[PDB]
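Chains as they are written, first to last, in UniProt numbering: chain A, 36 to 158, 165 to 185, 193 to 285, 294 to 322; chain B, 47 to 212; chain C, 79 to 162, 173 to 186; chain D, 45 to 135, 140 to 348; chain E, 104 to 142; chain F, 2 to 149; chain G, 9 to 160. Don't be surprised by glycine CBs; every beta carbon is placed ideally from N, CA and C. Reading through the structure tokens given below for one structure.
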Amino acid sequence: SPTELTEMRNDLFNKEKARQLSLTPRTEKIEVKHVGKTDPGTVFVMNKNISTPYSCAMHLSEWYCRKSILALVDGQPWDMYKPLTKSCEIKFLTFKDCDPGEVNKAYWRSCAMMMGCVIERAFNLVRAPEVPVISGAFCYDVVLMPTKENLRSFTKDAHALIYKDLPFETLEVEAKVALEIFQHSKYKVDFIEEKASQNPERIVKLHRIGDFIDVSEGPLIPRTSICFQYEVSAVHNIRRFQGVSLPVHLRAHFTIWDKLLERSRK
Amino acid sequence: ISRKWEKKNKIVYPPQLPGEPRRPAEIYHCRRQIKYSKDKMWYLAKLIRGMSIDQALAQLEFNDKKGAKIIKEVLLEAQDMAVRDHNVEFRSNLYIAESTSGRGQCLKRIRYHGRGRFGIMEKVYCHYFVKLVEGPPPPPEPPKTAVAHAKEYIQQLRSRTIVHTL
Amino acid sequence: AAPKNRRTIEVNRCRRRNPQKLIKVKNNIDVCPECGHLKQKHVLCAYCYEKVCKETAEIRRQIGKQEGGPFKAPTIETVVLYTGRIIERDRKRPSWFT
Amino acid sequence: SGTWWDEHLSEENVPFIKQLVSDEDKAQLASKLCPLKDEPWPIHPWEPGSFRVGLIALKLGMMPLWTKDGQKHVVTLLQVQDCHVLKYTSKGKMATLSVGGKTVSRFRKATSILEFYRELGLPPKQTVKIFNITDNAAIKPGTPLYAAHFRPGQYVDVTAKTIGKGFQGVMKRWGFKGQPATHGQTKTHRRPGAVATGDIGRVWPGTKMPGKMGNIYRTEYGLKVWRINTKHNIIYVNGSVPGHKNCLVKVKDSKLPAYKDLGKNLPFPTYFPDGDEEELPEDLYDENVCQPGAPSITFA
Amino acid sequence: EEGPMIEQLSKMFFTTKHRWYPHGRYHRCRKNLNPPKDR
Amino acid sequence: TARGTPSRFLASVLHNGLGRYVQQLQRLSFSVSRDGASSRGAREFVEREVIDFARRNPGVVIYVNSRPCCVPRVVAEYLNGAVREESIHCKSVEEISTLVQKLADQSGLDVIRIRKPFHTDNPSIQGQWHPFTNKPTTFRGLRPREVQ
Amino acid sequence: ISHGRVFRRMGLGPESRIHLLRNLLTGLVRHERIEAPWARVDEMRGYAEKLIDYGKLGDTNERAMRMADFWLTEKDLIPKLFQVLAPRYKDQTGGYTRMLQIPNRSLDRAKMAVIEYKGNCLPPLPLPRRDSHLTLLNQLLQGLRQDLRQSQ
RNA sequence: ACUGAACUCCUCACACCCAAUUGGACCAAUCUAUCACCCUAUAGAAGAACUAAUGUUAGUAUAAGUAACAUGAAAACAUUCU
Ligand SMILES: [Mg+2]
Ligand SMILES: [Mg+2]
Ligand SMILES: [Mg+2]
Ligand SMILES: [Mg+2]
Ligand SMILES: [Mg+2]
Ligand SMILES: [Mg+2]
Ligand SMILES: [Mg+2]
Ligand SMILES: [Mg+2]
Ligand SMILES: [Zn+2]
Numbered sequence: 036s037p038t039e040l041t042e043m044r045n046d047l048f049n050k051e052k053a054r055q056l057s058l059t060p061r062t063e064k065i066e067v068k069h070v071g072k073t074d075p076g077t078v079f080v081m082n083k084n085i086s087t088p089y090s091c092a093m094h095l096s097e098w099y100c101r102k103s104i105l106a107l108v109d110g111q112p113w114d115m116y117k118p119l120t121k122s123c124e125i126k127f128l129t130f131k132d133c134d135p136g137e138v139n140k141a142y143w144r145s146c147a148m149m150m151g152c153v154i155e156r157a158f165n166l167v168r169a170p171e172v173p174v175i176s177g178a179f180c181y182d183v184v185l193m194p195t196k197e198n199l200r201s202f203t204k205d206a207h208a209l210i211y212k213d214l215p216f217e218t219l220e221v222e223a224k225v226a227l228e229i230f231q232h233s234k235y236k237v238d239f240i241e242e243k244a245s246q247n248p249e250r251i252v253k254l255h256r257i258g259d260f261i262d263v264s265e266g267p268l269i270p271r272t273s274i275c276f277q278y279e280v281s282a283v284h285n294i295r296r297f298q299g300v301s302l303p304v305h306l307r308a309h310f311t312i313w314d315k316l317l318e319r320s321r322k
Numbered sequence: 047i048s049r050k051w052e053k054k055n056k057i058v059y060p061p062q063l064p065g066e067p068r069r070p071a072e073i074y075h076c077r078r079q080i081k082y083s084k085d086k087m088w089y090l091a092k093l094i095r096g097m098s099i100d101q102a103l104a105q106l107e108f109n110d111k112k113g114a115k116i117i118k119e120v121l122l123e124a125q126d127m128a129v130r131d132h133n134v135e136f137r138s139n140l141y142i143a144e145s146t147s148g149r150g151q152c153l154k155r156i157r158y159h160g161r162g163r164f165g166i167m168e169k170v171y172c173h174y175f176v177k178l179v180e181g182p183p184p185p186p187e188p189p190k191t192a193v194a195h196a197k198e199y200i201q202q203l204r205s206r207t208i209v210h211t212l
Numbered sequence: 079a080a081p082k083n084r085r086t087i088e089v090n091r092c093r094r095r096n097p098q099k100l101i102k103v104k105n106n107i108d109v110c111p112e113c114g115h116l117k118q119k120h121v122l123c124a125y126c127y128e129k130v131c132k133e134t135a136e137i138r139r140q141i142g143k144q145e146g147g148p149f150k151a152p153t154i155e156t157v158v159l160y161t162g173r174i175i176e177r178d179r180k181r182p183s184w185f186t
Numbered sequence: 045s046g047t048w049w050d051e052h053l054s055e056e057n058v059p060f061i062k063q064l065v066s067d068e069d070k071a072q073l074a075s076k077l078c079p080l081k082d083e084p085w086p087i088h089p090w091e092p093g094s095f096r097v098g099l100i101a102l103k104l105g106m107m108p109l110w111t112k113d114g115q116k117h118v119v120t121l122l123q124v125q126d127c128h129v130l131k132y133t134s135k140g141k142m143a144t145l146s147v148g149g150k151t152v153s154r155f156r157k158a159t160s161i162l163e164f165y166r167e168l169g170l171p172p173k174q175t176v177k178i179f180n181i182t183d184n185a186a187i188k189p190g191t192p193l194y195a196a197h198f199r200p201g202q203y204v205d206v207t208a209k210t211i212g213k214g215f216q217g218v219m220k221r222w223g224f225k226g227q228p229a230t231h232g233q234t235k236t237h238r239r240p241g242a243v244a245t246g247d248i249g250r251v252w253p254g255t256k257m258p259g260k261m262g263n264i265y266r267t268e269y270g271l272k273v274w275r276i277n278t279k280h281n282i283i284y285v286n287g288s289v290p291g292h293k294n295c296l297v298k299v300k301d302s303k304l305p306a307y308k309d310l311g312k313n314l315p316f317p318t319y320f321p322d323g324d325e326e327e328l329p330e331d332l333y334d335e336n337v338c339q340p341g342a343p344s345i346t347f348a
Numbered sequence: 104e105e106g107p108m109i110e111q112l113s114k115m116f117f118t119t120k121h122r123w124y125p126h127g128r129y130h131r132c133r134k135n136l137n138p139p140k141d142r
Numbered sequence: 002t003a004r005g006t007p008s009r010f011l012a013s014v015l016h017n018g019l020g021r022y023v024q025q026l027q028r029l030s031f032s033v034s035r036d037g038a039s040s041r042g043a044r045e046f047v048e049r050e051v052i053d054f055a056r057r058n059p060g061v062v063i064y065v066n067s068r069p070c071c072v073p074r075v076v077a078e079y080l081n082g083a084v085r086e087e088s089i090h091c092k093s094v095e096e097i098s099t100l101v102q103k104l105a106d107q108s109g110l111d112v113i114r115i116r117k118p119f120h121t122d123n124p125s126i127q128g129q130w131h132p133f134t135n136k137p138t139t140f141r142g143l144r145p146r147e148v149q
Numbered sequence: 009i010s011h012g013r014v015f016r017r018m019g020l021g022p023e024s025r026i027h028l029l030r031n032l033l034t035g036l037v038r039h040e041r042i043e044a045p046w047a048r049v050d051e052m053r054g055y056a057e058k059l060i061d062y063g064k065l066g067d068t069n070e071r072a073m074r075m076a077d078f079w080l081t082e083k084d085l086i087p088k089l090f091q092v093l094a095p096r097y098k099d100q101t102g103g104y105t106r107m108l109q110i111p112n113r114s115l116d117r118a119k120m121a122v123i124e125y126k127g128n129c130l131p132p133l134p135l136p137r138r139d140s141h142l143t144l145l146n147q148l149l150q151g152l153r154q155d156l157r158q159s160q
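Structure, rendered in structure tokens:
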């Protein structure tokens with residue numbers, strides 16, 4: 036049941052987190068270097084399973100915290116809030132880099148997740170499709193007809209969520225655990241299995257927004273507040297709901313925004 | 047001449063229990079006998095007041111005023127102190143709790159006026175004071191809504207009595 | 079004209095603590111994408127501009143050295159070569185002169 | 045931090061974006077050309093106690109026009125740029145029509161306004177001004193208004209913002225005499241002298257004093273339309289109109305009781321190029337006016 | 104928004120604008136937080 | 002003045018008059034000097050009129066310190082917790098006695114402005130005035146300018 | 009009142025202003041870069057462009073030569089103006105002079121500015137870029153454009 | 001018919017509403033004699049008590065951050081230019 040399920044999943048997640056915490060023996064210290072175009076060649080003396088790249092950012096300044104989104108540690112994107120295992124090399128990524136593609140994908144994923152969350156409450166979710174940026178939307182596939197009013201309502205919900213301003217909790221988990229968490233949803237289970245198959249370690253990437261929890265391939269954006277302009281364009285027949301959304305740091309402006317929305321609608 | 051601000055950094059609060067709120071790090075720092083007028087310092091101080099160190103620093107960098115540089119320097123020193131001596135881990139987590147300007151000792155000179163006459167120039171100095179606290183800058187006053195006002199009015203109405211009689 | 083009575087402190091505060099006289103909290107400030115030292119929109123980064131200036135100064139000095147006295151200004155577009173008309177510096181080229 | 049439309053766009057995106065913006069506006073304009081075949085509204089006849097719509101034109105410049113008596117009449121040219129009826133509101141006194149004006153960068157307009165314009169056709173105009181009207185004369189939002197609304201011989205009220213001369217002294221603002229140059233007045237040549245009297249320990253409200261002068265709204269009444277140039281939507285109005293060259297002015301049928309009922313021959317809601325009314329000549333003149341091309345007048 | 108809000112309040116409650124405008128610091132300091140309550 | 006002085010309402014601690022009048026005075030603490038004219042009256046009181054006073058009111062528990070005091074004081078502690086501390090400096094015996102009596106009599110509360118010389122728990126017995134008392138009911142609960 | 013009124017009021021009169029402008033121009037010619045107060049800098053730029061245009065006409069025109077003489081005080085610079093700058097900008101029409109802000113002058117807190125003739129020999133200014141094309145909004149715009157193209 | 005004082009009455013309580021002047025009752029601080037001993041007593045004495053002298057000196061306000069006052073330009077900080 037929907038009243039039970041959410042709570043149960045949350046509890047499971049908490050348990051998993053606790054388990055993860057358990058392994059480290061009382062504050063293990065690692066020396067994580069900063070590779071970057073500015074503020075070099077600093078090293079941060081961090082506590083390994085606790086401390087994130089957010090901590091590193093904080094140490095550097097507040098500006099970094101504000102503008103960083105993905106943390107390339109050994110040339111692979113960590114989330115700002117996902118802990119730094121072992122001594123490694125960090126870069127922080129904004130929207131306005133020379134190579135912002137990684138960030139964009141993450142943002143899209145986040146948006147999709149948000150959409151899914153909105154869907155789940157508003158009234165089964167198969168997957169979030171891996172859509173590019175030039176494709177002009179972030180979609181989400183849902184097995185259940194909506195009017196303009198419905199769309200508006202959805203948008204409002206999303207806005208509310210954004211306002212609430214929740215951190216994107218992260219875990220890389222066993223496949224069995226993942227299965228246990230989502231055994232009710234068949235499609236989700238299948239997806240999880242596929243993911244497991246894909247990698248050598250089972251290493252299923254669970255992400256969480258307070259109450260809502262979901263599986264996704266890539267990393268995610270720190271918080272929901274980074275989304276500024278967020279809308280839900282249309283639904284197409294499984295039923296694929298679509299959306300288009302621009303963050304703080306790239307505001308569209310009215311006419312442009314409208315155009316974007318129109319584009320998404322197709 | 048008194049200096050209590052300086053002293054203020056030498057307090058030792060008795061240690062906490064496990065089940066207790068964190069008790070954030072307060073940090074006090076000054077600059078004495080700055081060559082400036084106190085009231086001028088005050089505007090800068092005001093501008094800084096509620097803000098995160100970083101934001102304040104940024105503001106100071108681009109405020110074209112003599113005292114702004116000084117204040118920035120002071121803030122930087124304060125930050126340094128926090129990191130080294132006062133066991134604050136993140137620079138970014140420092141916000142400015144207090145900032146005020148006192149008058150320093152002032153030197154009297156002659157001004158030499160037209161006719162036989164003369165004013166007394168007073169060459170002014172300031173003490174700049176800062177308090178940084180650990181933790182993000184507290185949220186400012188949310189401007190009270192119509193609803194709030196209405197509620198207040200209702201309360202007021204309720205509150206009345208028959209004044210004098212019994 | 080002469081003040082007929084002393085202005086009260088409260089009045090003074092009201093006058094001089096009002097929001098027109100308070101310093102505005104600007105929002106021009108962005109990070110310097112190269113160099114990270116923080117700068118205004120519509121303005122060159124102060125730190126970033128400094129290095130360039132320094133470079134120019136050294137080049138100017140070299141030019142001066144080349145051109146003995148004043149009143150020269152030759153008919154060639156000059157080039158600045160570091161280590162492999174010509175002006176011959178030294179060092180590696182920085183990651184911005186290209 | 046407040047942004048502006050351009051800041052975030054690429055080196056190559058911007059021009060394209062601009063083009064798109066222009067193109068959409070153009071399309072909208074094109075769409076807006078034919079009102080009668082779309083939805084004409086009830087086109088009512090003229091009645092004695094009626095009023096009608098005006099225009100929002102650009103004062104272009106002035107030039108001399110000659111009459112057949114052989115007289116100079118200076119005329120200011122008012123170009124009726126665009127001008128669409130934006131919204132109608134019936135009876140807090142009379143019924144009214146908000147009319148637009150010059151087209152302006154939607155980029156620079158407020159969100160609320162933008163939304164409103166989207167809800168309508170049209171791009172966002174520079175100045176909206178309301179005309180008071182009788183319910184007989186009424187027309188759909190997005191109906192384009194042209195210069196042919198005014199016919200030669202008709203009389204007009206034009207309103208605009210006067211040219212602003214900033215903070216001015218008493219000699220220029222109110223034409224006070226000031227005091228003499230020599231004999232010798234000291235620091236008093238262009239001052240106002242005495243303000244007002246001993247027994248009043250005050251200065252009366254309304255007392256003329258130095259102050260900001262101009263850039264206020266002013267109406268000139270009863271200007272004769274000498275000519276209209278349909279091909280350009282230019283109105284030729286006798287005399288002088290408030291404000292600067294390229295200023296937006298408001299042009300309406302005149303108020304004076306001498307000219308209260310001379311509008312029977314005019315087109316009552318508006319002139320509609322869609323007709324049936326016949327396409328007008330290249331330019332309509334009043335009969336008094338000497339046209340260019342006509343032979344040199346001689347009093348024989 | 105301020106003035107509009109004030110107007111609305113006035114409309115609601117039938118009263119002048121002057122009371123809804125927020126009074127200064129000194130006055131608030133003066134106000135008695137724990138008044139002597141009776142009956 | 003009343004604007005300067007902190008105000009108060011009339012009350013009686015723990016409802017004294019209802020059940021039993023309870024002596025609110027707990028302790029009188031007499032600081033006296035063995036030598037010194039400051040406390041001659043006090044000394045006299047101690048000698049003769051204190052014992053009698055004590056006998057009269059056994060709820061009070063007197064202390065007498067004799068503590069080479071330059072200025073003698075009598076500290077009156079009350080049942081609420083309040084402490085009325087007053088001097089005995091160069092006063093006659095009778096006056097001192099009177100003061101003591103006064104201290105004994107009064108309640109623990111502050112000697113400040115009282116606001117109303119009365120205080121009812123239950124004022125109204127018939128009913129407090131609403132505007133709809135002394136107003137007649139109309140048929141069907143109707144009001145000015147109605148349909149039906 | 010001062011409506012439609014070009015030319016700021018620089019020195020101690022108009023002649024003085026002109027002189028000031030000339031000095032700046034000379035400096036620019038010498039150097040190909042000047043830090044200067046922003047209000048005069050624009051004027052200089054305006055004059056500078058005109059000067060370059062004049063130079064383009066060629067040595068053999070007498071008027072141009074005269075102008076050069078008037079405006080380049082140091083006199084070695086006239087040949088440079090003719091035999092270098094003009095050569096450099098023969099393809100361009102009026103793109104010369106690049107004018108950008110400097111933080112602020114330290115003592116008087118004036119608004120400052122740089123003024124280089126375009127291209128030139130010195131290390132490049134740290135210019136204000138537009139955002140890269142790979143960013144989210146930009147990408148979206150590109151996509152939209154593509155769609156439009158497809159449609160037409 | 002009501003209202004209406006510091007008039008008068010009532011419950012208490014009483015030396016306790018005039019300029020100059022005049023008669024009294026008290027008393028703050030100090031110093032000395034003798035007392036006292038977290039600041040007191042009985043006496044003796046006296047530079048013995050300041051909301052006003054365009055009073056004195058010292059501090060600090062107001063007016064006021066007002067009036068007023070600075071450094072010709074570029075550079076390579078050699079130099080050149082006005
Ligand atoms: Mg002299
Ligand atoms: Mg005259
Ligand atoms: Mg004179
Ligand atoms: Mg009476
Ligand atoms: Mg009496
Ligand atoms: Mg005095
Ligand atoms: Mg003044
Ligand atoms: Mg001045
Ligand atoms: Zn920079």
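Chain-ordered neighbours of residue i on chain C, where CB pairs are closer than 7 Å
| i | result |
| --- | --- |
| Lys72/A | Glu112 |
Proximal residues of chain G, C-beta to C-beta of residue i below 9 Å
| i | result |
| --- | --- |
| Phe130/A | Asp139, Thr143, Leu144 and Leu145 |
Residue range of the alpha helix (DSSP H) that includes residue i
| i | result |
| --- | --- |
| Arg153/G | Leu144 to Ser159 |
Minimum C-alpha distance to residue i - residue among the options
| i | options | result |
| --- | --- | --- |
| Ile60/G | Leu152/G, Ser159/G, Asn112/G and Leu80/G | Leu80/G |
Within chain B, the residues that residue i reaches when beta carbons sit closer than 7 Å
| i | result |
| --- | --- |
| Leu116/C | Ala104 and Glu107 |
Boundaries (first-last residue) of the beta strand (DSSP E) holding residue i
| i | result |
| --- | --- |
| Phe175/B | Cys172 to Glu180 |
What residues from the segment 111-141 of chain E come within 7 Å of chain F, judged by C-beta to C-beta, listed N to C?
-> For the segment 111-141 of chain E, the set of positions with a beta-carbon nearer than 7 Å to some beta-carbon of chain F reads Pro139 and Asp141 in chain order.
Using a Cβ cut-off of 7 Å, which residues of the segment 137-153 of chain C contact any Cβ in chain G, in chain order?
-> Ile137, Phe149, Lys150, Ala151 and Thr153
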